[PDB]
Each structure stands twice: as structure tokens, then as C-alpha cells.
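Numbered according to the entry's author numbering, the sequence shown spans residues 1 to 36. Yeah, the Cβ is synthetic: ideal placement off N, Cα and C, and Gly gets one too. Below is one structure, written out as C-alpha cells; comments come after it.
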Amino acid sequence: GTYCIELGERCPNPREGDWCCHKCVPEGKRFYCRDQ
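Rendered as C-alpha cells:
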């Protein structure tokens, strides 16, 4: 892993904590680790 979930991958609800550590952001119906 790259310290956190890599950019572009799916993430669980960010309320549980951003393991995306860019941003775990809702993209439609899912959450993704995006730079947004």
C-alpha cells in the first residue's frame, strides 16, 4: 500500500475515516479515493 488507499480505488463511507488520505469522496453511488 501507498500509506493510504491509492488514488482511484474504492473506499468505504468516509464517516468511518478517510483511508484515502486524499479524499474519500462520493462519485455517483460509490465512494472513491479521489483528489477532489
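Whole angstroms are fine: how far does the CA of residue 35 sit from the CA of residue 6? Near 10 Å, if we compare the C-alpha coordinates of residue 35 and residue 6.
Heavy atom of the ligand SAH less than 8 Å from the Cβ of residue 33, yes or no? Among the ligands in the structure shown, none appear at all, so the ligand SAH cannot be discussed.
Check whether residue 13 and residue 20 have beta carbons under 9 Å apart: no
Separation of residue 32 from residue 26, as counted between CA atoms: 6 Å
Pick from 28, 17 and 22: whose alpha carbon is nearest that of residue 2? Here the closest residue by C-alpha is 22.
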